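Please read the structure below before turning to the comments.
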RNA sequence: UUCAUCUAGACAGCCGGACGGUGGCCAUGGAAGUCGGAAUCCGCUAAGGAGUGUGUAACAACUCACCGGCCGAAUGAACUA
RNA sequence: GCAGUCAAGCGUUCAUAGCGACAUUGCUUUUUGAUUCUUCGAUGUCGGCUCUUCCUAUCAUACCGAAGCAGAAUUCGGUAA
């Protein structure tokens, strides 16, 4: 009846297998899977079913989506 | 119980005129002495100490020329209350004390008798 | 107030600016005193330090006994020709303005005072009240 | 009072009950206060603070060496 | 360098229930309840377990990670106050004038009233903070006990007595008088 | 390392850090002693006053007692068979359990075991052990022994010890004319108490050595027989 | 004198001057020297009392 | 700076007012002559120099103000080998026009045999060639002059040979006796001062 | 005063006294002149410092 | 950047040891590592200064430097921008 | 100020080719508060009466901190116009 309750914000995580949404560039509006983490701001994404070439891209260029 | 003092060369007025006997075998050399009180009367005794025995082997200053026959003797008076496997160790404490005092043993500085023993140049009865 | 003064002193109209000759009321041998300074006076720019009844001044004996002149001793004003107010309302004045020689702790050099002494000064200085045959 | 009456007072009555801890805390804070002075003392007081710190550091170094 | 993720662990005991929503922490246990507003620190909590809570900062600088251990320790002090409870004991000492420390209700509130401090005719009023209990030990002469669920309140009110009796314009090597914290402890002692 | 860091406080003392070579020397001395002497006991001396250790070390001369880091001794004897030094020796490095000493010797096993059964000297009632007594500090002027010799036989406690009595010992002490004084009797511990740190620091402060010390000896390695006998005299 | 004994040796926390460096031979010469000093000092006070009453004017506080 | 700090603490000894020094060994155990005959704090515990400077107290006798001075103590050495601490006592004795009170402890406690204290008295006799001197035998509540040895009493009667010197018994634990000692010391002092003044 | 000497002023160390008096000069005297001033003003400035 | 330390256990903490000649010599009211002047060695050691400071009238006690137990993995110093 | 000294550092290639912070030493009227009670070319005309404001580098008043600061007083320092 008396347990600890902590409201955890359920942040999308930059993780291998997180799929992103490239909002600008030649790949606008195409999905892409995060393949490796490069650093805090840049990752390597890959979107082969949507026509996205494997590339290293800033995290400010894509939008994390809830799908993993 | 026992009360120890060094300031020689509880009923204060009585023991002073009773411990003179134990001292003054020492010609004004400062020596540690003890007291063995039974109920209210003490008995005087002179405790074997390195510095006090080194002096009798000779303000003021000490130059000594003590011969090593007596340094081993002074060490031999202290074996029971020292941490020495050999009399070489105990005579090495005595040579350290002598170097502290300022004398010389067998006409040279007491410290070279330390490495004299260490080099085997000096040997100690045991 | 000053040294040896008993309690507070209320305002009375200032009668004696610096440079004012005032009579010597006591019998110390001085015949008149010359105010060179006034104790307790504030520092207003062009305002001369002024003295009133009951106030301690610094005065030189200008005329009188030669054993007392050429010296600057404290004095306590005991009379005044400037009409001042008494709280039981009456404005009063004396016919002359006079003082007595006092050491800085309040004691009278003289052994008596001649002529009247204002009660505002007798009350404030016990050694004045104790040496004054006539008060008010 | 006539002769070393403050040692006599410390012997006979001690020091204030927080003296050890308040002194220790002031000593511990002195390291922060040195930085604060060196970053906030302005002008001539700051110049003197810097110079005396340099002199104290060189004396500490010479003491070591 | 920005640490990718730095964490601290707030261990909750058996009887304590803590509620944290939007960095407002409520801690409830046997001795009552405490609440603290942590909205000035950008810090993230997580219930890893009913007996453990993880507090973490993502992508933090050297000044921002300095606030994790503070937050963890503040929640820990809450937990210890709500289980063990904090008990500050102050001893007032005097040389000639006996300090008279009483508890008086002034205007619906509670006050420590210090009298005769070095013969002062002034009466020194120290308000009692809420949740702090001021008790006078009888077993020891001249000692005050402060207790409460919050270390912050108890320690602040104790220091308020410590400072209300500061000796002014006297040589504090000779004038030893005042109210001093003697011992900071827990109410229980031993669990 | 980036700024705002604790300043290392150094002082100007004589003695220096020993370093790696001292551990190498202990390692090699243990090795040579293993080659020379026959019986190697492991001695537990977790909290031992140095005069006691030196008396034990000089209550025999033809043997050797080696201390040092526990890990370096377990290394010298060897952690396991793959790294040991003599046949079946790793059963000793598994038996080094704290402040450990190695007693290389040729004395007969019966002599050593009876000596370490029967040797005892008093020590301070070190913390975290069952209290061997109960002393209540009397009310009034506290003396050096706290009443364990009578008041006329003892001297008053130094006034300079009162801050420790009041802060580190939590004893409610006063200074009355330069003498530490408690208004009511204060008990420090009871017989059977699992001592805390401050109880055992109080007991040491009054020179209360009611407890006793003896060497806790576990198994010994017989060199030539190449086996270890799990003696255990706690 | 500062070459033999310094200010720090003369007085202070690190003072070493423990005996008077010019102690008299015996007590009685010290006593007669003291009597002469006291007689000289008190005669000096007497003769200077012939110059003053300005000290007594300080009792009456004028200048 | 060190001189100023120290010189500002020194007592206010007036050489000319009625004074009486407390020589010998008055401070034994809990007792001390200066704590008992006047308001003043003087350290006591039996070691050779428990006070390193002159301590002053004051009292009133017959509506007159007296000062009493505790001297740090003297050893029986020659003058060429006495230190500053006991030069203080010797200078205090030699300068201050006082009534010297020389204390001996017939008990064991001071650390001196009786003849040692008497030989010290015979050493500092010439300082007394001008004052009035009194001998005060203390701690008689813990010693027995009835069983005082004949050679001890033969030396004690031998100190009265010195002109102007008279002994007394005393005990600091009875205030009446210390007030008696102080009273007669004061009376001798007023006698000498009055003989001077009416001359 | 002839029987006591409590009232001696605090006598600072040499470098402390140096700081005290030099800083009193730098505070209790004006500290700005320009080389374009009359040489009389420059002189008066520095004579006042001294 | 350079150098150094580190599962032969690093840095920080508690806890323990911190000894024996020895209260070394001289000094003096006292001076025992710690008011001072000069020595500054030996033994036993895992380590422990003829003592880093608080302390005592002297001692006592505490302390560090130095070892060791617990813990477990990186840390310290000087420099440069 | 001049002339030295030392050397943290610098140069570097050679640390003796040289620079060089801090620190320090010699010079300035006699070691016992006596004198040294002691004056020596401003090529300058600015200065007072009234009256206002600003500066802080604070004399006082306010509050603090450090001192042998017992008290009283004082000294040094901080915020402060």
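Just so you know, all these numbers are worked out from the coordinates, no wet-lab data involved. Neighbour counts run over all protein chains shown; Cβ positions are idealised from the backbone, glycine included.
Descriptive notes on the structure:
Listed here are the residues, each with its yes/no results for (1) surrounded by 12 or more Cβ atoms within 10 Å (Cβ to Cβ); (2) more than 14 Å from chain H (Cβ to nearest Cβ); (3) within 16 Å of RNA strand J (Cβ to nearest atom); (4) more than 27 Å from residue D:47 (Cα to Cα).
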position: I:4; (1), (2), (3), (4): yes, no, no, yes
position: I:8; (1), (2), (3), (4): yes, no, no, yes
position: I:11; (1), (2), (3), (4): yes, no, no, no
position: I:15; (1), (2), (3), (4): no, no, no, no
position: I:22; (1), (2), (3), (4): no, yes, no, no
position: I:34; (1), (2), (3), (4): no, yes, no, no
position: I:38; (1), (2), (3), (4): no, yes, no, yes
position: I:42; (1), (2), (3), (4): yes, yes, no, no
position: I:47; (1), (2), (3), (4): no, yes, no, no
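- Residue within the stretch F:131-153 that is away from RNA strand K (no atom under 16 Å from the Cβ) and closer than 26 Å to residue F:232 by Cα present: yes
- Segments classed as helices (runs of 4 or more DSSP H), wholly inside the stretch F:1-84, with at least 3 members that are away from RNA strand K (no atom under 16 Å from the Cβ) and more than 14 Å from chain B (Cβ to nearest Cβ): F:20-36, F:70-77
- 1 or more residues more than 30 Å from residue E:53 (Cβ to Cβ) and within 14 Å of chain F (Cβ to nearest Cβ): qualifying strands (runs of 3 or more DSSP E) within the stretch E:78-166: E:86-93, E:143-148
- Check on residue B:82, within 14 Å of chain F (Cβ to nearest Cβ), within 9 Å of RNA strand J (Cβ to nearest atom), out of contact with any helix residue (DSSP H, G or I) (no Cβ under 8 Å at 6 or more places or on another chain) and farther than 23 Å from residue B:23 by Cα: no
- Enumeration of residues in the stretch H:1-19 that are within 13 Å of chain D (Cβ to nearest Cβ) and part of a loop (DSSP other than H, G, I, E, B): H:8, H:9, H:10, H:11, H:12, H:13
- Wholly enclosed strands (runs of 3 or more DSSP E) of the stretch F:144-222 bearing at least 1 residues more than 24 Å from residue D:14 (Cα to Cα) and within 27 Å of the chain's Cα centre (by Cα): F:211-213, F:216-222
- With respect to the conditions (1) exposed (fewer than 13 other Cβ atoms within 10 Å of the Cβ); (2) more than 16 Å from RNA strand K (Cβ to nearest atom); (3) not in a loop (DSSP other than H, G, I, E, B), residue F:115 falls short on a single one, namely (1).
- Residue count for the stretch H:45-71, restricted to those that are within 17 Å of residue H:103 (Cβ to Cβ), buried (at least 19 other Cβ atoms within 10 Å of the Cβ) and more than 10 Å from every other protein chain (Cβ to nearest Cβ): 4.
- Subset of the stretch A:33-49 [exposed (fewer than 12 other Cβ atoms within 10 Å of the Cβ) and more than 17 Å from residue E:58 (Cβ to Cβ)]: A:36, A:48, A:49
- Taking the stretch E:6-63 as the range and being surrounded by 16 or more Cβ atoms within 10 Å (Cβ to Cβ) and on the phi > 0 side of the Ramachandran plot as the test, only E:23 passes.
- Single residue of F:214, F:176 found to be within 19 Å of residue F:126 (Cβ to Cβ) and either more than 15 Å from RNA strand J (Cβ to nearest atom) or more than 14 Å from chain D (Cβ to nearest Cβ) (or both): F:214
- Any hit, the stretch H:71-83, residues being closer than 21 Å to residue H:7 by Cβ and in contact with a helix residue (DSSP H, G or I) (Cβ under 8 Å, 6 or more places away or on another chain): yes
- Taking each residue of the stretch B:36-56 that is farther than 11 Å from residue B:4 by Cα and within 14 Å of chain H (Cβ to nearest Cβ) and looking for partners that are more than 12 Å from RNA strand J (Cβ to nearest atom) and in a strand (DSSP E or B) with beta-carbon atoms closer than 8 Å, six or more apart or interchain, yields B:42/B:36.
- Residues that are near RNA strand J (Cβ under 9 Å from one of its atoms) and within 14 Å of chain D (Cβ to nearest Cβ), drawn from the stretch F:124-162: F:157, F:158, F:159, F:160, F:161
- Positions within the stretch D:1-18 being more than 12 Å from RNA strand J (Cβ to nearest atom), more than 7 Å from chain E (Cβ to nearest Cβ) and either within 23 Å of the chain's Cα centre (by Cα) or not in a loop (DSSP other than H, G, I, E, B) (or both), in sequence order: D:5
- Selection count, the stretch H:76-118, where residues are assigned to a loop (DSSP other than H, G, I, E, B) and more than 14 Å from chain B (Cβ to nearest Cβ): 7
- From the list D:28, D:38, the one residue that fits, being more than 12 Å from RNA strand K (Cβ to nearest atom), within 30 Å of residue G:13 (Cα to Cα), within 19 Å of the chain's Cα centre (by Cα) and assigned to a helix (DSSP H, G or I), is D:28.
- Across the stretch E:126-134, not a single residue is classified as over 18 Å from residue E:31 (Cα atoms), surrounded by 14 or more Cβ atoms within 10 Å (Cβ to Cβ) and within 16 Å of RNA strand K (Cβ to nearest atom).
- Tally of residues being part of a loop (DSSP other than H, G, I, E, B) and near RNA strand K (Cβ under 6 Å from one of its atoms) across the stretch I:31-45: 2
- Listed by position, the helices (runs of 4 or more DSSP H) inside chain G whose residues that are more than 14 Å from chain C (Cβ to nearest Cβ) and touching a helix residue (DSSP H, G or I) at 6+ places or on another chain (Cβ under 8 Å) number at least 3 are G:27-48.
- Scope the stretch B:59-78; condition surrounded by fewer than 14 Cβ atoms within 10 Å (Cβ to Cβ) and either farther than 30 Å from residue F:54 by Cα or within 13 Å of RNA strand J (Cβ to nearest atom) (or both); matching residues: B:59, B:60, B:61, B:63, B:65, B:67
Conditions (1) closer than 22 Å to residue E:149 by Cα; (2) facing chain A (nearest Cβ under 10 Å), marked per residue:
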position	(1), (2)
E:15	yes, yes
E:37	yes, no
E:40	no, no
E:43	no, no
E:47	no, yes
E:53	yes, yes
E:62	no, no
E:65	no, no
E:73	yes, no
